[PDB]
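Comments concern the structure below.
Only the coordinates and a few stated rules stand behind these numbers; no lab work does. Counting neighbours? That spans all protein chains shown, and the Cβs are built from the backbone with ideal geometry, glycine included.
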Amino acid sequence: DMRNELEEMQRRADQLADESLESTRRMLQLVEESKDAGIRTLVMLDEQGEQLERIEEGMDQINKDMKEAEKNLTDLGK
Amino acid sequence: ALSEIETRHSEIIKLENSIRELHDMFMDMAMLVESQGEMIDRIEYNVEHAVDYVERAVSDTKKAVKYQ
């Protein structure tokens, strides 16, 4: 009558982490810095676009003025 | 669990949101910068026209006035 039976106990392997808290924090800090740099680039790019738009009008005005002056001088000369 | 799962989930979610924000920022950057590029391309042709016109005009007028 040496017929034995058993029961079982369970253990849980550690969840997936303990490497997600050293590279993670550095990743977040770098992401924040990149976000700030992107915001600054946004602002600078908008300012540059405004300045180019401003330049356009003066360019067109000088072109028109020179063309009209040349035509007038030619007309009077002949 | 405890700090383990909460850290995993929170950091992952925050990183995903930040990355999506960066993606949108870069898209807008590209669009506006393309607009600036075509604007400068527009400037170039009129700059060339003006320089050629002024050179020809000054040369011709100087020659005409000197000869007379």
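Considering only the Cα atoms of the protein assembly as shown, their convex hull presents on average a projected area of 16.1 nm².
Over 20 Å between Cα atoms: which of A:78/B:66; A:64/B:66; A:78/B:63 fall into that group? Exceeds cut-off: A:64/B:66. When each of A:6, B:2, A:28 is scored by the number of other beta-carbon atoms lying within 10 Å, the sequence from fewest to most is A:6, B:2, A:28.
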